[PDB]
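Protein chains in written order, with the entry's author numbering: chain q, 127 to 220, 264 to 347; chain p, 350 to 743.
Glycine included, every Cβ here is placed at the ideal spot set by N, Cα and C.
Here the structure is laid out as structure tokens; the discussion comes afterwards.
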RNA sequence: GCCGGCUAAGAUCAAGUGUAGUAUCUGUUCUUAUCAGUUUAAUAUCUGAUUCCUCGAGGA
């Protein structure tokens, strides 16, 4: 039924020594991305692109039809490292939070597994607020200093708001920004 | 005739001589003041834990109830006790309460006292006003004027028993012993206080315990203080088997046959499977559609003869028939070792038939697979299916 | 938007997701009421006070 406004571009004349990153880079010249389920399509080889290299054809999709038309009108017979390639429409092919009053050095003297369990509990508490990039616990500090560095300061502010006034191990721990 | 539907609602009941659950508060054997408080509070339908605990407390036996948070355990402990106090009135003796409620916290004891005052509204019965960490003279002056129930801390109760301010007489003092949050009272912290509270009590007195969670050791410690207890939780009575995996998919009525053909074609659900249907004619049509699709299938329903149904059962047991279509009569009582998969394409109106269909496959500790197709017409059974999945852990 | 209305015209509470930042989504309530003070361009908001009828129950 539909004749024009096609988003499927067929690139022919591609060397078998090509990869998918190069195809993505070439498609990005005229588009943005077509990674709907996970990513965008690629060339279809003999054994599902597992045994063979490529069956002299590759498929490319774009968000709009004007971009595909401009690519077909401009990228016609584009020269890649192996050879020149043609483009067709169909072709009849297919931020640091500081926590204090959380632990004590006297509890880790007679319990070597309490510090690792407290660190795992602090990591599990910090993982619910955001992506924790770095987490350290000072076992030699008398105030129980701990540092949680995340990728975003909003997650660190949310962790400092959720950790201030909360109880951990029978002691009231405090949280502040850095 | 619908007494089994109240037990299937999902309320594990354990014990000998258990009374039937009441449907409403108007026919539960309560007094006029408890019904007036329930009408003033705005309770249109009672809780299932309350409907399981109120006849057990009205009969005079020991009960141990476990439910979720905010289910109304305080009202379920206060309403039949006040109903038994109003129906069977006794002489208000000096320094002796008729009920003893144990709370691990002072705020929880104050909330229990407020709930007991709201349940005993528009009446002359004032239970208690006492808490820990306050003045003992005001509590002694409040308890000296008359105390129906005793809802306070175990430490304050031990201090009142040591100073001869409140105790339990031997002949007739108290008839009900309530224990709110019994998981904390049966712990190592509150063990000797609860032991001294339970030791100095009347012999002829009921013991009630209610908590949100209950471990095995805490239940074994609490069962020794009671005499023939009745357990009440969720869910066990008429519940699904935990060994059989239950799966619910949202499909249409016409897409159910396509989903069954995709499960028989792509997946390994065609051989050694039992398919439950709604009617006998629909089961015969499904068996004819399975036989027309190059698949050996047998059928057993009320429209067929007994010899043909016995031959179909023998072919399903021996392995001659890959799939066996059956009605709701063959869902319960059938014990076949070859039935590994249970495909419920038609959802029944009652949850007991679905529980019998889920329990027919994967019995005696073995694993099993149960796949049921949920449609838009079975909206009333969706809550029962969700309760069965929450009780079975699916 | 449709032929004055059908409560998609506003404010506000709890939780989730996420950013450098703005934000996005789900579930409420909305005083149906009066007076005094604060305040607002004006609202708003907040701060306090405020027996009868019917068939054991409901409403005012």
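Exercise for review: Give me whichever residues DSSP pairs with residue 448 of chain p in a beta bridge.
Suggested key: For the purposes of this step, residue 448 of chain p is identified with residue 99 of the second chain, where counting begins at 1. Residue 448 of chain p is bridged to p:498, p:525.
Exercise for review: Identify the continuous beta strand (DSSP E) that holds residue 594 of chain p and give its terminal residues.
Suggested key: Locating residue 594 of chain p in the second chain gives position 245, counting from the first residue. Residues 593-599.
Practice item. Using a threshold of 8 Å, state whether the C-beta atoms of residue 169 of chain q and residue 175 of chain q are closer than that. Key: To locate residue 169 of chain q, count along the first chain from 1; it is residue 43. To locate residue 175 of chain q, count along the first chain from 1; it is residue 49. Cβ distance < 8 Å, so residue 169 of chain q and residue 175 of chain q count as in contact.
Practice item. Answer yes or no: do residue 525 of chain p and residue 501 of chain p have a C-beta to C-beta separation smaller than 8 Å? Key: As a position in the second chain, residue 525 of chain p is number 176, starting the count at 1. As a position in the second chain, residue 501 of chain p is number 152, starting the count at 1. Contact: no.
Review point. What residue from q:214, q:164, q:334, q:159 has the CA that sits closest to residue 187 of chain q's CA?
Key: Counting from 1 along the first chain, the entry for residue 187 of chain q is found at position 61. Residue q:159 is the option with its Cα nearest to residue 187 of chain q.
**Study point:** residue 217 of chain q - containing beta strand (DSSP E), residue span
**Key:** Taking the first chain and counting its residues from 1, one reaches residue 217 of chain q at position 91. Counting along the chain, residue 217 of chain q falls outside any beta strand (DSSP E), and DSSP gives it neither H nor E.
Review point. How about residue 503 of chain p and residue 543 of chain p: do their beta carbons lie closer than 8 Å?
Key: Residue 503 of chain p sits at position 154 when you count from the first residue of the second chain. Residue 543 of chain p sits at position 194 when you count from the first residue of the second chain. Contact check for residue 503 of chain p against residue 543 of chain p passes: the beta carbons are separated by less than 8 Å.
**Study point:** Length-filtered (4 minimum) alpha helix (DSSP H) runs lying within the region 640-689 of chain p
**Key:** Whole alpha helix (DSSP H) segments, 4+ residues: 655-667.
Review point. Any idea what DSSP makes of residue 343 of chain q, helix, strand or coil?
Key: Reading the first chain from its first residue, position 174 is the one you call residue 343 of chain q. Residue 343 of chain q falls in the strand class under three-state DSSP.
**Study point:** residue 299 of chain q versus q:280, q:309, q:322, residue with shortest Cα-Cα distance
**Key:** What you label residue 299 of chain q is simply residue 130 of the first chain in a count that begins at 1. Selected option, being the one with the closest Cα: q:322.
Check your understanding: Counting Cβ pairs, one atom from each stretch, are 3 or more of them under 8 Å apart for the region 353-363 of chain p and the region 270-278 of chain q?
Key -> Short answer: they don't touch.
Point to revise | Closest Cα partner of residue 359 of chain p within the set p:445, p:588, p:449 | key: Here residue 359 of chain p refers to the residue found at position 10 of the second chain. Between residue 359 of chain p and the set p:445, p:588, p:449, the nearest pair of CA atoms involves p:588.
Exercise for review: Starting from the Cα of residue 318 of chain q, find the closest Cα among q:310, q:301, q:309 and give me that residue.
Suggested key: The sequence position of residue 318 of chain q within the first chain is 149, counting from 1. Minimum Cα distance to residue 318 of chain q is reached at q:301.
Exercise for review: Would you kindly report the start and end of the unbroken beta strand (DSSP E) that includes residue 131 of chain q?
Suggested key: Along the first chain, read from residue 1 onward, the residue named residue 131 of chain q stands at position 5. Taken as a continuous stretch (DSSP letters only), residue 131 of chain q belongs to no beta strand (DSSP E), as it is neither H nor E.
**Study point:** For residue 734 of chain p, the first and last residue of its enclosing beta strand (DSSP E)
**Key:** Against the second chain, residue 734 of chain p aligns to sequence position 385. That residue, residue 734 of chain p, is in no beta strand (DSSP E); its alpha helix (DSSP H) goes 731-741.
Check your understanding: For the ligand HEM, any of its heavy atoms closer than 7 Å to the Cβ of residue 476 of chain p?
Key -> In the structure on display, the ligand HEM does not appear, and there are no ligands present to speak of.
Check your understanding: Quick check: the region 400-419 of chain p against the region 441-454 of chain p, are there 3 or more CB pairs under 8 Å?
Key -> No: fewer than three Cβ pairs fall under 8 Å.
Check your understanding: The beta strand (DSSP E) spanning residue 556 of chain p covers which residue range?
Key -> On the second chain, position 207 is the one that residue 556 of chain p refers to. Taken as a continuous stretch (DSSP letters only), the beta strand (DSSP E) holding residue 556 of chain p covers 555-560.
Exercise for review: Go to residue 530 of chain p, then tell me how far its alpha helix (DSSP H) extends in each direction, as first and last residue.
Suggested key: Position 181 of the second chain, counted from the first residue, corresponds to residue 530 of chain p. Where residue 530 of chain p is concerned, there is no enclosing alpha helix (DSSP H), given that its DSSP letter is neither H nor E.
**Study point:** residue 335 of chain q versus residue 693 of chain p: straight-line alpha-carbon distance, rounded
**Key:** Mapped onto the first chain, residue 335 of chain q falls at position 166. Mapped onto the second chain, residue 693 of chain p falls at position 344. Their Cα atoms are separated by approximately 49 Å.
Point to revise | Residues bridged to residue 693 of chain p (per DSSP) | key: Your numbering for residue 693 of chain p matches position 344 in the second chain. Residue 693 of chain p pairs with p:625, p:721.
Practice item. Per DSSP, which residues does residue 305 of chain q bridge with? Please list them. Key: Position 136 of the first chain, counting from 1, holds the residue named residue 305 of chain q. Residue 305 of chain q is bridged to q:316.
**Study point:** the region 326-345 of chain q / the region 549-557 of chain p touching (three or more Cβ pairs under 8 Å)
**Key:** Two segments are said to touch when three or more pairs of C-beta atoms, one from each, lie closer than 8 Å; by this definition the region 326-345 of chain q does not touch the region 549-557 of chain p.
Practice item. Answer yes if the region 453-466 of chain p comes into contact with the region 482-502 of chain p, meaning at least three C-beta pairs across the two stretches below 8 Å, and no otherwise. Key: The region 482-502 of chain p, when compared against the region 453-466 of chain p, does touch it at the 8 Å Cβ threshold.
Check your understanding: residue 579 of chain p and residue 364 of chain p: beta carbons closer than 8 Å?
Key -> Residue numbering aside, residue 579 of chain p sits at position 230 when the second chain is read from its first letter. Residue numbering aside, residue 364 of chain p sits at position 15 when the second chain is read from its first letter. Yes, the pair counts as a contact, with Cβ atoms nearer than the cut-off.
Check your understanding: To which residues of the same chain is residue 656 of chain p closer than 8 Å at the C-beta, ignoring the five residues directly before and after it?
Key -> Here residue 656 of chain p corresponds to residue number 307 of the second chain, with the count starting at 1. Around residue 656 of chain p: no qualifying Cβ.
Review point. Just to confirm, are residue 516 of chain p and residue 549 of chain p a CB contact at a threshold of 8 Å?
Key: Here the question's residue 516 of chain p lines up with position 167 in the second chain. Here the question's residue 549 of chain p lines up with position 200 in the second chain. When the beta-carbon positions are compared, residue 516 of chain p and residue 549 of chain p come within less than 8 Å of each other.
Practice item. Look at residue 700 of chain p and residue 737 of chain p and say whether their C-beta atoms are less than 8 Å apart. Key: As a first step, residue 700 of chain p is located in the second chain; it is residue number 351 there, counting from the start. As a first step, residue 737 of chain p is located in the second chain; it is residue number 388 there, counting from the start. Residue 737 of chain p sits close to residue 700 of chain p, with the two beta carbons spaced by under 8 Å.
Review point. Per DSSP, what kind of secondary structure is residue 136 of chain q in: helix, strand or coil?
Key: By one-based count along the first chain, residue 136 of chain q stands at place 10. Here residue 136 of chain q carries a strand assignment [DSSP, helix/strand/coil].
Exercise for review: Report the rounded CA-to-CA distance for residue 370 of chain p versus residue 376 of chain p, giving the unit in angstroms.
Suggested key: Here residue 370 of chain p refers to the residue found at position 21 of the second chain. Here residue 376 of chain p refers to the residue found at position 27 of the second chain. CA-to-CA, the gap between residue 370 of chain p and residue 376 of chain p works out to about 10 Å.
Review point. Is it buried or exposed for residue 703 of chain p, if we count other Cβ within 10 angstroms and need 16 for buried?
Key: Position 354 of the second chain, counted from the start, is the residue given in the question as residue 703 of chain p. Residue 703 of chain p should be labelled buried.
Practice item. Quick one: using the 10 Å Cβ neighbour count with 16 as the cut-off for buried, is residue 394 of chain p buried or exposed? Key: Along the second chain, read from residue 1 onward, the residue named residue 394 of chain p stands at position 45. Flag for residue 394 of chain p reads exposed.
Practice item. Counting only the same chain and skipping the five closest in sequence on each side, list residues whose C-beta sits under 7 Å from that of residue 756 of chain p. Key: As displayed, chain p neither begins before 350 nor continues past 743, which places residue 756 of chain p out of reach and without an answer.
Exercise for review: Go ahead and label residue 280 of chain q buried or exposed: buried means 16 or more other beta carbons lie within 10 angstroms of its beta carbon, across all protein chains shown.
Suggested key: Within the first chain, the letter at position 111 stands for residue 280 of chain q. Exposed is the call here.
Review point. Nearest to residue 292 of chain q by CA position, among q:127, q:266, q:185, is which residue?
Key: One-based indexing of the first chain puts residue 292 of chain q at position 123. Checking every option, the nearest Cα to that of residue 292 of chain q belongs to q:266.
Exercise for review: Report the three-state DSSP secondary structure of residue 457 of chain p (helix, strand or coil).
Suggested key: Translated into the one-based positions of the second chain, residue 457 of chain p becomes position 108. Residue 457 of chain p falls in the helix class under three-state DSSP.
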